[PDB]
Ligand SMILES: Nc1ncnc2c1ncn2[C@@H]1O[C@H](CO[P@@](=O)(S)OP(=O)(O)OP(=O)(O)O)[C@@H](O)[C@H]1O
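Only one chain comes next, encoded as structure tokens, the form solved without the named molecule.
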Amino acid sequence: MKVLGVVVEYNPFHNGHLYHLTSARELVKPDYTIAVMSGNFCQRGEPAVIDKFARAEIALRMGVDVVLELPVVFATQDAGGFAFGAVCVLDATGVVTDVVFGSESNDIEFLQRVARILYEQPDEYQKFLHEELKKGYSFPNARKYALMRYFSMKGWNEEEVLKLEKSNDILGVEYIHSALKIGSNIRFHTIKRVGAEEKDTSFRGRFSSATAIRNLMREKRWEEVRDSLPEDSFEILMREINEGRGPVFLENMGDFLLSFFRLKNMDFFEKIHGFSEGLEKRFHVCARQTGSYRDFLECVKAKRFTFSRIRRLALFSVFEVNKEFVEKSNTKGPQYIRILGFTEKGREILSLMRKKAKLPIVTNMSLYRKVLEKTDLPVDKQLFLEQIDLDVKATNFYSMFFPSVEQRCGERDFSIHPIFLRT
């Protein structure tokens, strides 16, 4: 028996996503497919263009049997924390056998070699990393240079370690690294990256990136959106829009984020995860000097910062995601498995997950405190509660930006049950 895991966001689910999913299923020939998916906010620090319940339904119609929520504390982190949460969730199901992820190099052996070095921390590598951590290098840069120097000493190709600027391959390394850390037996595979680069922004016809498609949506070119998307993905996108639950764009939240930063002092940002390299002063000063979130982001931007990093820090700030909370989450991992949706076939593997899972399974959110109280699993209960409260908080915040005022009431985590799709 084999169960395919995939780590996904689907913002929106497009033709490239379908190609990847179909290829993964053809490669692994799984009996069941489980997706761990980012919620209402993705890894670039942007809102999903439609909410997690719609995108869970889309994934189910595209051939996922079970959709799990990647908790916000992981979903909005950079590659290291993102991968760690995703791999912990999939490993925790107790049924996942194989994981297939998109890749640029499409070389599983190189990705594995890098991860083993990061896991086993050779004495030579460690000495290099510290030297590179002086000379003021940021960790991901110092690590890259440390890895390059390790490769030379071992007579490998150091040039390869510059492959690791590509998003797909970075995540790939971190998936494997995470699996070694938690002692997972999951088998990992790559497929060569589908369609346009995740950062492209140009319309490629059939296969455009998700960022490009969201821009198409901004410009209201629906026919080009339609050409980018599977029929059911587009249909449900149109549904959410017609019913006033989309589209949701980051600039819709921009005035909130900017105003919120004007309520905060530097002491506040110092307590929030991810802040270093003068970014606290930058947030504080730029929030007072600029009048829109777009202008804010450009004021904070400098050569050594990505927009994505800045955008993530903005989400961490409004959700008050503090340093200690993230440190604990990146150690102990997710404390629950949240079910967003399943098919008829998915019911079967969920039944097995009840017996095999290493984390409490949450389906009915009204009952999550009872699940926590009743579980025999050695979870950190306080951390559990903090993590799931963040998930709920993000959904409630997100809902205020539904285009229709009528759609903004209530807590969707408690009012909407996991999607059940008949087969």
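The first residue of the sequence shown is number 1, and the count goes up from there.
The discussion below concerns the form solved in complex with the named molecule, not included here.
Peer 1: Can the named molecule, laid in as it sits in the bound PDB entry by superposing nearby C-alphas, fit this form, that is, is the pocket open, or is it blocked with 3 or more ligand atoms within 2.4 Å of backbone or C-beta atoms?
Peer 2: Blocked, per the superposed partner pose.
Peer 1: Would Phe283 show up as a contact with the named molecule in the bound PDB entry if we use heavy atoms at 4.5 Å?
Peer 2: Judged by the heavy-atom cut-off of 4.5 Å, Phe283 is well away from the named molecule in the bound PDB entry.
Peer 1: Contact with the named molecule in the bound PDB entry for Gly102, defined as at least one heavy atom pair within 4.5 Å: yes or no?
Peer 2: Within the cut-off, so yes.
Peer 1: Is the gap between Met253 and the named molecule in the bound PDB entry 4.5 Å or less for some heavy atom pair?
Peer 2: Close contact is absent here: in the bound PDB entry, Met253 is far from the named molecule, nothing within 4.5 Å, heavy atoms only.
Peer 1: At 4.5 Å between heavy atoms, is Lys163 in contact with the named molecule in the bound PDB entry?
Peer 2: So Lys163 does not count as contacting the named molecule.
Peer 1: Work out which of the listed stretches, 109 to 117, 290 to 298, 184 to 192, 147 to 155, brings a heavy atom within 4.5 angstroms of the named molecule in the bound PDB entry.
Peer 2: The contacting stretch here is 184 to 192.
Peer 1: Which of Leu237, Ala210, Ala92, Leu313 has a heavy atom within 4.5 Å of the named molecule in the bound PDB entry?
Peer 2: That would be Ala210.
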